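*Asks:* Just passing along the structure, written as structure tokens.
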Amino acid sequence: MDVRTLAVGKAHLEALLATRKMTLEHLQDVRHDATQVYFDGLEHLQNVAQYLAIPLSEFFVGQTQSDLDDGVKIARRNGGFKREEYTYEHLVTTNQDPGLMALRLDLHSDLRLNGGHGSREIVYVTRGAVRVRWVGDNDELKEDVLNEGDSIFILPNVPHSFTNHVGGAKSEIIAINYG
Amino acid sequence: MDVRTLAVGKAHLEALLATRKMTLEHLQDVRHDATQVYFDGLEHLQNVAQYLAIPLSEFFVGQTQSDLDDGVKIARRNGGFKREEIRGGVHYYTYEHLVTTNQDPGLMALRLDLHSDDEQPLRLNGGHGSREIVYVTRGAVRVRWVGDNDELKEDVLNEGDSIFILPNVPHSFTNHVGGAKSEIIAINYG
Amino acid sequence: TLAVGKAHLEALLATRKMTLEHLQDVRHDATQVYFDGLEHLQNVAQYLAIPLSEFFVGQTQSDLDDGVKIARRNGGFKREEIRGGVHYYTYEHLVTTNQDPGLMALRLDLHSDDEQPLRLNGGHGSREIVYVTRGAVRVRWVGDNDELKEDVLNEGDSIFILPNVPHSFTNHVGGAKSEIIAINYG
Amino acid sequence: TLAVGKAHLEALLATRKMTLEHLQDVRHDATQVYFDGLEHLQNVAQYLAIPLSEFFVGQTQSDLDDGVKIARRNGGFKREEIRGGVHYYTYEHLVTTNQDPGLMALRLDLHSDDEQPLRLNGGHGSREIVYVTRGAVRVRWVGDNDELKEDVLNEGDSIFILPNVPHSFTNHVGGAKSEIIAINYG
Ligand SMILES: C[C@H](O)CP(=O)(O)O
Ligand SMILES: C[C@H](O)CP(=O)(O)O
Ligand SMILES: [Fe+3]
Ligand SMILES: [Fe+3]
Ligand SMILES: [Fe+3]
Ligand SMILES: [Fe+3]
């Protein structure tokens with residue numbers, strides 16, 4: 001089977017139209033049914049976005065089906081994505097907050113700073129002793145040590161690095177990027 | 001041409017991927033260019049959205065190109081959308097769009113002629129999410145709205161007067177005089 | 001003596017997983033919690049690690065009457081504006097409300113024109129939309145690469161202005177004095 | 001005497017197209033504008049039609065040092081939680097900062113289990129993610145159509161919780177006491 005068409009939730013499209021004081025009838029020739037409005041591919045949708053002066057993104061907001069189960073989502077140790085770089089392991093991830101990236105890390109250690117990022121970040125040390133380095137004010141390098149149970153908050157776009165303090169003793173941290 | 005095909009900005013996709021600590025290579029089955037990544041149709045994209053655990057919408061957030069020219073956009077009288085509004089078989093308003101822009105879709109600026117008055121039945125709306133400010137450019141305007149404890153309230157606005165309306169407060173503007181047709185400007189936003 | 005809405009303070013406390021009892025040195029009543037002035041409140045803001053501002057968000061009493069507020073022509077603030085000794089505008093407030101301090105709605109008479117020197121502003125954080133109610137308006141603004149641009153707006157025409165774009169409205173004709181509405185917001 | 005940052009006040013004034021001069025009876029210096037206590041400030045808030053909160057937004061001083069803040073085990077607030085008359089949790093604050101009051105990071109010991117009665121909370125505005133650092137955790141929550149649901153989380157498992165979803169974490173094994181990390185935010 002094959003579909004030539006793009007589907008958009010009708011209720012949603014109508015609601016967008018009403019923000020511009022319009023109704024379906026003010027669109028072109030579009031077929032609709034009881035739940036869906038159909039387009040001849042992306043380019044057709046873009047034109048309609050231009051006409052309504054609304055970013056394309058808006059036409060899908062809400063239209064992906066929640067990955068939750070009864071208001072909640074659960075992940076398991078090793079159940080998701082996992083990779084060597086650090087050893088990164090995804091914790092629970094959800095389409096109900098794409099801005100949220102929760103990680104577990106093993107540190108393999110010893111300088112390789114990142115470039116900072118748009119997310120705020122909080123890190124908690126679950127095991128061992130962690131060397132943290134970051135670029136402070138006036139681009140001066142700073143450092144400190146975090147022990148099991150200690151935590152740190154990091155402002156957006158502050159460059160940073162976590163390594164083992166001891167060397168050989170391999171530590172574990174949790175990192176939550178969000179907002 | 002290929003109407004099925006879906007394009008997604010590469011830089012954006014890459015950035016999304018790096019939020020999940022991935023790269024394009026982890027999507028084995030996609031063509032890309034220098035600027036674009038392409039998908040075989042919607043179903044392909046949905047699968048990828050699942051895999052990355054991100055709503056389909058995310059792939060386009062930010063990607064729309066500004067309709068401004070040098071930080072500004074200009075509209076002309078009658079240059080845009082325009083329409084009559086009839087509520088219960090009562091001709092109520094003529095809506096005219098003022099400037100509209102994709103840089104603030106939440107902004108709806110209107111010019112209105114009023115056609116109804118006290119001889120017609122009342123046709124409130126159901127309020128709306130937007131805040132609203134209205135200015136009277138011409139004539140004398142009857143404004144009615146549902147206040148506290150669902151009690152109906154009313155007042156009259158004259159040329160140069162103005163009113164702010166909290167979200168979801170139901171309201172109606174009509175001519176005070178009846179026959180004398182008034183004009184207002186309405187700005188919905190936020 | 002400082003009063004803070006109890007429901008609000010409690011709600012803030014619960015964000016830090018606390019309750020009133022964890023502030024040992026405060027009297028409360030059914031609706032209000034009381035402090036020994038600002039300095040006492042600042043210490044508590046420190047303790048909760050919350051900006052002082054938060055303790056008042058929502059607490060100013062609405063200036064609306066039944067979900068609405070009304071202003072009258074000439075009823076509010078009004079003022080002349082003179083830039084470099086050039087009479088440029090007459091600003092008149094339209095309705096203003098503490099339920100959206102970010103909203104500044106104005107009516108303006110234009111006094112300047114092309115015979116006067118140009119007096120741009122520095123742009124501003126607010127988005128702005130302008131509608132011409134009367135006459136013909138010369139609009140100038142700094143575009144991309146800091147290049148000056150210009151156009152003319154007639155009765156009924158409108159314009160949207162991105163934040164921090166510097167701009168100026170003047171009469172196109174000179175002597176013929178125009179009127180516009182300007183809405184700054186968000 | 002109340003102090004308000006001059007630059008901030010000026011900026012607020014310019015949103016209403018005003019300047020300091022338009023304030024009846026205020027002293028200023030180079031950095032500060034001064035009021036005769038809160039009531040004076042409230043009147044000015046009325047005059048400008050701006051909530052009182054606005055006069056402090058931004059004005060709390062950052063608790064960060066070089067873009068970062070660090071907390072230590074037991075270094076901050078800590079407390080027992082008793083619901084009905086069942087010892088349920090030991091809350092410990094992790095790093096907290098006035099640069100994101102919406103962020104509440106916690107470490108918890110669990111004391112209750114299936115022999116105790118169930119003590120759900122009422123959900124909350126924050127999103128929440130929880131990670132199990134130690135033991136085995138019984139998690140119960142109110143799902144769709146108000147139906148109670150349950151599952152078990154083991155060391156290293158995690159869970160996301162939508163706003164205002166009511167929930168409870170207890171020990172799966174009575175007596176074996178588990179530990180979790182909870183991050184409320186946004
Ligand atoms: C002037 C009114 O607010 C227009 P409506 O919101 O009823 O579409
Ligand atoms: C309508 C104009 O934008 C007024 P200004 O911003 O120059 O105060
Ligand atoms: Fe990181
Ligand atoms: Fe309206
Ligand atoms: Fe302006
Ligand atoms: Fe909770």
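In the structure tokens, chains take the letters A, B, ... in the order shown, each chain's residues start at 1, and ligands count up from 1 in the order shown.
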Near chain B, which residues of chain C fall within 6 Å when you count only C-alpha atoms, and what do they look like as a list in words?
*Replies:*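 So the residues of chain C near chain B are residues 66, 67, 68, 69, 70, 71, 72, 73, 95, 143, 144, 156, 157, 158, 159, 160, 161 and 162 of chain C.
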*Asks:* Which protein, DNA or RNA residues have an atom within 10 Å of ligand 3, counting only C-alpha atoms and all ligand atoms, as a list in words?
*Replies:*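 The residues near ligand 3 are residues 101, 103, 113, 114, 115, 116, 117, 119, 120, 121, 122, 123, 154, 158, 159, 160, 161, 162, 175, 176 and 177 of chain A; 19 and 21 of chain B.
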*Asks:* Can I get the selected residues back with N, CA and C atoms, as a JSON list (two decimals), in the first residue's frame?
*Replies:*
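Ended up saving to selection-v8.json:
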[["chain", "number", "residue", "atom", "x", "y", "z"],
["A", 101, "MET", "N", 16.91, 15.47, 28.64],
["A", 101, "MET", "CA", 17.86, 14.38, 28.35],
["A", 101, "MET", "C", 18.51, 13.88, 29.64],
["A", 103, "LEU", "N", 20.72, 11.12, 31.66],
["A", 103, "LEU", "CA", 21.80, 10.19, 31.39],
["A", 103, "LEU", "C", 22.41, 9.57, 32.64],
["A", 113, "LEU", "N", 37.06, 19.40, 27.06],
["A", 113, "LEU", "CA", 35.84, 20.15, 27.35],
["A", 113, "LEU", "C", 34.87, 20.01, 26.20],
["A", 114, "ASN", "N", 33.58, 20.12, 26.50],
["A", 114, "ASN", "CA", 32.57, 20.32, 25.46],
["A", 114, "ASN", "C", 32.46, 21.82, 25.19],
["A", 115, "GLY", "N", 31.49, 22.24, 24.37],
["A", 115, "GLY", "CA", 31.27, 23.66, 24.09],
["A", 115, "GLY", "C", 30.11, 24.29, 24.86],
["A", 116, "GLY", "N", 29.68, 23.66, 25.96],
["A", 116, "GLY", "CA", 28.46, 24.06, 26.68],
["A", 116, "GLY", "C", 27.25, 23.68, 25.84],
["A", 117, "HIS", "N", 26.05, 23.91, 26.35],
["A", 117, "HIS", "CA", 24.82, 23.65, 25.56],
["A", 117, "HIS", "C", 23.61, 24.43, 26.09],
["A", 119, "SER", "N", 20.68, 23.61, 27.10],
["A", 119, "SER", "CA", 20.05, 23.07, 28.29],
["A", 119, "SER", "C", 20.73, 23.51, 29.57],
["A", 120, "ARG", "N", 19.93, 23.69, 30.61],
["A", 120, "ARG", "CA", 20.42, 23.70, 31.99],
["A", 120, "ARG", "C", 20.77, 22.25, 32.32],
["A", 121, "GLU", "N", 21.60, 22.06, 33.32],
["A", 121, "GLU", "CA", 22.06, 20.73, 33.63],
["A", 121, "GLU", "C", 22.30, 20.61, 35.10],
["A", 122, "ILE", "N", 21.82, 19.52, 35.66],
["A", 122, "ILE", "CA", 22.17, 19.15, 37.01],
["A", 122, "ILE", "C", 22.77, 17.73, 37.00],
["A", 123, "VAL", "N", 23.82, 17.56, 37.80],
["A", 123, "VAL", "CA", 24.54, 16.32, 37.90],
["A", 123, "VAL", "C", 24.64, 15.90, 39.37],
["A", 154, "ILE", "N", 24.56, 23.65, 36.34],
["A", 154, "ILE", "CA", 25.35, 24.28, 35.32],
["A", 154, "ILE", "C", 24.48, 25.11, 34.39],
["A", 158, "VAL", "N", 27.72, 26.94, 29.52],
["A", 158, "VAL", "CA", 28.96, 26.87, 30.27],
["A", 158, "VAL", "C", 29.69, 25.58, 29.89],
["A", 159, "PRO", "N", 30.92, 25.69, 29.35],
["A", 159, "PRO", "CA", 31.65, 24.50, 28.91],
["A", 159, "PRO", "C", 32.16, 23.72, 30.09],
["A", 160, "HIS", "N", 32.15, 22.39, 30.00],
["A", 160, "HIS", "CA", 32.47, 21.57, 31.17],
["A", 160, "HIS", "C", 32.91, 20.15, 30.85],
["A", 161, "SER", "N", 33.50, 19.51, 31.86],
["A", 161, "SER", "CA", 34.09, 18.18, 31.77],
["A", 161, "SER", "C", 34.07, 17.48, 33.11],
["A", 162, "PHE", "N", 33.72, 16.20, 33.10],
["A", 162, "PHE", "CA", 33.80, 15.39, 34.30],
["A", 162, "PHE", "C", 34.79, 14.26, 34.07],
["A", 175, "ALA", "N", 23.28, 12.67, 34.92],
["A", 175, "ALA", "CA", 23.19, 14.04, 34.38],
["A", 175, "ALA", "C", 21.84, 14.30, 33.75],
["A", 176, "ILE", "N", 21.20, 15.41, 34.13],
["A", 176, "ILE", "CA", 19.86, 15.74, 33.65],
["A", 176, "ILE", "C", 19.92, 17.05, 32.93],
["A", 177, "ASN", "N", 19.76, 17.01, 31.64],
["A", 177, "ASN", "CA", 19.68, 18.22, 30.87],
["A", 177, "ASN", "C", 18.22, 18.53, 30.66],
["B", 19, "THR", "N", 21.44, 16.00, 21.10],
["B", 19, "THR", "CA", 20.74, 16.02, 22.38],
["B", 19, "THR", "C", 20.54, 14.58, 22.90],
["B", 21, "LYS", "N", 22.63, 12.21, 22.14],
["B", 21, "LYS", "CA", 23.99, 11.69, 21.95],
["B", 21, "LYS", "C", 24.12, 10.76, 20.75]]
*Asks:* What are the closest atom pairs, with distances in Å to one decimal, for all residues of chain C lying within 12 Å of ligand 2? Consider only C-alpha atoms and all ligand atoms, order rows by chain and residue number, and present the result as a tab-separated table.
*Replies:*
residue	atom	partner	partner_atom_place_in_ligand_line	distance
C:79	CA	ligand 2	8 (O)	11.6
C:80	CA	ligand 2	8 (O)	11.2
C:81	CA	ligand 2	8 (O)	8.7
C:82	CA	ligand 2	8 (O)	10.9
C:83	CA	ligand 2	7 (O)	9.8
C:88	CA	ligand 2	7 (O)	8.9
C:89	CA	ligand 2	4 (C)	8.0
C:90	CA	ligand 2	4 (C)	9.7
C:91	CA	ligand 2	4 (C)	8.2
C:92	CA	ligand 2	4 (C)	10.9
C:93	CA	ligand 2	4 (C)	11.8
C:104	CA	ligand 2	8 (O)	10.5
C:105	CA	ligand 2	1 (C)	9.8
C:106	CA	ligand 2	1 (C)	7.9
C:107	CA	ligand 2	1 (C)	8.6
C:108	CA	ligand 2	1 (C)	7.4
C:109	CA	ligand 2	1 (C)	9.9
C:110	CA	ligand 2	1 (C)	9.6
C:118	CA	ligand 2	7 (O)	11.4
C:119	CA	ligand 2	7 (O)	8.6
C:120	CA	ligand 2	7 (O)	6.8
C:121	CA	ligand 2	7 (O)	5.1
C:122	CA	ligand 2	7 (O)	8.0
C:123	CA	ligand 2	6 (O)	6.6
C:124	CA	ligand 2	6 (O)	7.1
C:125	CA	ligand 2	6 (O)	10.2
C:126	CA	ligand 2	6 (O)	9.3
C:127	CA	ligand 2	3 (O)	9.7
C:128	CA	ligand 2	3 (O)	7.1
C:129	CA	ligand 2	1 (C)	8.4
C:130	CA	ligand 2	1 (C)	6.8
C:131	CA	ligand 2	1 (C)	9.6
C:132	CA	ligand 2	1 (C)	10.6
C:137	CA	ligand 2	1 (C)	11.1
C:138	CA	ligand 2	1 (C)	11.6
C:139	CA	ligand 2	2 (C)	9.6
C:140	CA	ligand 2	3 (O)	10.6
C:141	CA	ligand 2	3 (O)	10.1
C:158	CA	ligand 2	1 (C)	11.6
C:159	CA	ligand 2	1 (C)	10.3
C:160	CA	ligand 2	3 (O)	10.3
C:161	CA	ligand 2	3 (O)	8.5
C:162	CA	ligand 2	3 (O)	10.9
C:163	CA	ligand 2	6 (O)	10.5
C:164	CA	ligand 2	6 (O)	9.7
C:165	CA	ligand 2	3 (O)	9.5
C:166	CA	ligand 2	7 (O)	7.9
C:167	CA	ligand 2	7 (O)	6.2
C:168	CA	ligand 2	7 (O)	5.6
C:169	CA	ligand 2	2 (C)	6.5
C:170	CA	ligand 2	1 (C)	9.8
C:179	CA	ligand 2	1 (C)	10.3
C:180	CA	ligand 2	1 (C)	7.7
C:181	CA	ligand 2	1 (C)	7.5
C:182	CA	ligand 2	1 (C)	5.3
C:183	CA	ligand 2	1 (C)	8.1
C:184	CA	ligand 2	3 (O)	8.2
C:185	CA	ligand 2	3 (O)	11.7
*Asks:* Please identify every residue of chain A that has at least one atom no more than 7 Å from any atom of chain D, counting only C-alpha atoms, and report them as an NGL selection string.
*Replies:* :A and (70-77 or 91-92 or 136-137 or 149-155 or 158 or 179)
*Asks:* How would the residues just picked look written out with C-alpha atoms as a PDB file, in the first residue's frame?
*Replies:*
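Just written: again.pdb:
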ATOM      1  CA  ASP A  70      -1.316   6.248  32.249  1.00  0.00           C
ATOM      2  CA  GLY A  71       0.558   9.566  32.725  1.00  0.00           C
ATOM      3  CA  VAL A  72       3.937   7.982  33.291  1.00  0.00           C
ATOM      4  CA  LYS A  73       6.874   6.338  31.481  1.00  0.00           C
ATOM      5  CA  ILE A  74       9.373   3.801  32.724  1.00  0.00           C
ATOM      6  CA  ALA A  75      12.815   2.802  31.513  1.00  0.00           C
ATOM      7  CA  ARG A  76      15.106   0.007  32.736  1.00  0.00           C
ATOM      8  CA  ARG A  77      18.809  -0.208  33.381  1.00  0.00           C
ATOM      9  CA  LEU A  91      17.556   6.974  31.115  1.00  0.00           C
ATOM     10  CA  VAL A  92      13.844   7.403  30.496  1.00  0.00           C
ATOM     11  CA  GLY A 136      34.110  30.452  34.363  1.00  0.00           C
ATOM     12  CA  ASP A 137      34.010  34.229  34.100  1.00  0.00           C
ATOM     13  CA  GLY A 149      26.174  12.466  46.990  1.00  0.00           C
ATOM     14  CA  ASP A 150      27.410  15.881  45.945  1.00  0.00           C
ATOM     15  CA  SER A 151      25.715  17.758  43.121  1.00  0.00           C
ATOM     16  CA  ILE A 152      26.200  20.592  40.690  1.00  0.00           C
ATOM     17  CA  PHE A 153      24.053  22.936  38.597  1.00  0.00           C
ATOM     18  CA  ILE A 154      25.350  24.285  35.321  1.00  0.00           C
ATOM     19  CA  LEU A 155      24.085  27.336  33.522  1.00  0.00           C
ATOM     20  CA  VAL A 158      28.965  26.873  30.270  1.00  0.00           C
ATOM     21  CA  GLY A 179      14.655  23.469  29.838  1.00  0.00           C
TER      22      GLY A 179
END
*Asks:* When you look at residue C:32 with a cut-off of 7 Å (counting only C-alpha atoms), what residues show up, excluding the ones that are within fewer than 6 positions of it in the same chain? I need them as a count of residues only.
*Replies:* 4
*Asks:* When the cut-off is 7 Å and we count only C-alpha atoms, which residues of chain C are near chain D, given as a count of residues only?
*Replies:* 14
*Asks:* Please identify the residues whose atoms come within 7 Å of ligand 1, using only C-alpha atoms and all ligand atoms, and report them as a list in words.
*Replies:*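 Checking only C-alpha atoms and all ligand atoms against ligand 1 at 7 Å gives residues 21 of chain A; 125, 127, 128, 132, 171, 172, 173 and 186 of chain B.
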*Asks:* Stretch 2-170 of chain A: which residues are helix (DSSP H, G or I) by DSSP, as a VMD selection string?
*Replies:* chain A and resid 10 to 19 24 to 26 41 to 52 56 to 60 137 to 139
*Asks:* Write the residues of the preceding selection, restricted to N, CA and C atoms, as a short mmCIF file (atom, residue, chain, number, x, y, z; two decimals), in the first residue's frame.
*Replies:*
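For reference, part.cif as written:
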data_model
loop_
_atom_site.label_atom_id
_atom_site.label_comp_id
_atom_site.auth_asym_id
_atom_site.auth_seq_id
_atom_site.Cartn_x
_atom_site.Cartn_y
_atom_site.Cartn_z
N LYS A 10 -8.04 17.34 12.16
CA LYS A 10 -9.01 18.35 11.79
C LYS A 10 -9.26 19.34 12.94
N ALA A 11 -9.59 18.82 14.12
CA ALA A 11 -9.90 19.68 15.26
C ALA A 11 -8.79 20.70 15.47
N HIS A 12 -7.56 20.22 15.35
CA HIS A 12 -6.41 21.05 15.51
C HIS A 12 -6.29 22.09 14.41
N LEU A 13 -6.47 21.67 13.17
CA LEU A 13 -6.37 22.60 12.08
C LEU A 13 -7.45 23.66 12.20
N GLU A 14 -8.67 23.25 12.48
CA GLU A 14 -9.76 24.19 12.68
C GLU A 14 -9.37 25.23 13.73
N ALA A 15 -8.75 24.77 14.81
CA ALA A 15 -8.45 25.67 15.92
C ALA A 15 -7.41 26.68 15.50
N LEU A 16 -6.41 26.21 14.75
CA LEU A 16 -5.44 27.12 14.15
C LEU A 16 -6.08 28.13 13.19
N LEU A 17 -7.01 27.65 12.37
CA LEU A 17 -7.72 28.53 11.48
C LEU A 17 -8.48 29.62 12.24
N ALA A 18 -9.19 29.24 13.29
CA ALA A 18 -9.93 30.21 14.09
C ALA A 18 -9.04 31.28 14.77
N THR A 19 -7.79 30.96 15.05
CA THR A 19 -6.87 31.97 15.56
C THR A 19 -6.69 33.07 14.51
N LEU A 24 -12.30 25.91 7.50
CA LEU A 24 -11.81 25.03 6.44
C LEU A 24 -12.11 25.50 5.03
N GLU A 25 -13.30 26.04 4.86
CA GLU A 25 -13.78 26.49 3.58
C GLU A 25 -12.83 27.50 2.92
N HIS A 26 -12.11 28.27 3.74
CA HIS A 26 -11.12 29.22 3.23
C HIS A 26 -9.84 28.58 2.69
N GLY A 41 1.14 16.38 0.05
CA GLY A 41 2.53 16.42 0.44
C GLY A 41 2.94 17.68 1.17
N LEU A 42 4.22 17.75 1.52
CA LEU A 42 4.75 18.80 2.38
C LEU A 42 4.64 20.17 1.75
N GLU A 43 4.97 20.27 0.47
CA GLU A 43 4.98 21.57 -0.17
C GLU A 43 3.62 22.23 -0.09
N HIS A 44 2.56 21.43 -0.19
CA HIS A 44 1.20 21.96 -0.09
C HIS A 44 0.99 22.53 1.29
N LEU A 45 1.39 21.77 2.30
CA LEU A 45 1.28 22.24 3.67
C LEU A 45 2.07 23.52 3.92
N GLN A 46 3.30 23.60 3.42
CA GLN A 46 4.07 24.83 3.57
C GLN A 46 3.36 26.06 3.02
N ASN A 47 2.72 25.93 1.87
CA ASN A 47 2.01 27.05 1.28
C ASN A 47 0.89 27.53 2.18
N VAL A 48 0.20 26.58 2.78
CA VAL A 48 -0.89 26.90 3.68
C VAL A 48 -0.34 27.55 4.94
N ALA A 49 0.78 27.05 5.43
CA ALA A 49 1.45 27.73 6.54
C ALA A 49 1.80 29.17 6.21
N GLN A 50 2.30 29.41 5.00
CA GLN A 50 2.62 30.78 4.54
C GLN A 50 1.37 31.63 4.52
N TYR A 51 0.26 31.05 4.05
CA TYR A 51 -1.00 31.77 3.92
C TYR A 51 -1.55 32.18 5.29
N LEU A 52 -1.47 31.26 6.25
CA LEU A 52 -1.89 31.55 7.61
C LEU A 52 -0.83 32.27 8.41
N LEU A 56 5.30 26.00 10.10
CA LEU A 56 4.94 24.62 9.83
C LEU A 56 4.87 23.82 11.10
N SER A 57 5.81 24.04 12.04
CA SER A 57 5.83 23.26 13.25
C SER A 57 4.46 23.20 13.87
N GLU A 58 3.77 24.32 13.89
CA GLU A 58 2.48 24.36 14.58
C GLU A 58 1.48 23.31 14.14
N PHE A 59 1.55 22.88 12.89
CA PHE A 59 0.56 21.97 12.36
C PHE A 59 0.67 20.56 12.89
N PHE A 60 1.78 20.27 13.56
CA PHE A 60 1.98 18.96 14.18
C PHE A 60 1.96 19.00 15.70
N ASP A 137 34.07 32.85 34.55
CA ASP A 137 34.01 34.23 34.10
C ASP A 137 35.36 34.60 33.49
N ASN A 138 35.33 35.49 32.50
CA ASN A 138 36.55 35.92 31.82
C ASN A 138 37.34 34.76 31.22
N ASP A 139 36.62 33.71 30.84
CA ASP A 139 37.20 32.52 30.23
C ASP A 139 38.29 31.82 31.06
#
*Asks:* Starting from chain B, keep only residues with some atom at most 10 Å from an atom of chain A, counting only C-alpha atoms, and report them as a count of residues only.
*Replies:* 57
*Asks:* DSSP on the backbone: what in stretch 87-134 of chain C comes out strand (DSSP E), as an NGL selection string?
*Replies:* :C and (87-93 or 104-110 or 127-134)
*Asks:* If I take atom CA of residue A:126 and atom CA of residue A:171, how far is one from the other in Å, to one decimal?
*Replies:* 7.8 Å
*Asks:* For a test of reading the model, state the distance in Å between atom CA of residue B:117 and atom CA of residue B:94, rounded to one decimal.
*Replies:*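 Between atom CA of residue B:117 and atom CA of residue B:94 the gap is 14.0 Å.
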*Asks:* Distance atom CA of residue D:26-atom CA of residue C:34, one decimal place?
*Replies:* 26.6 Å
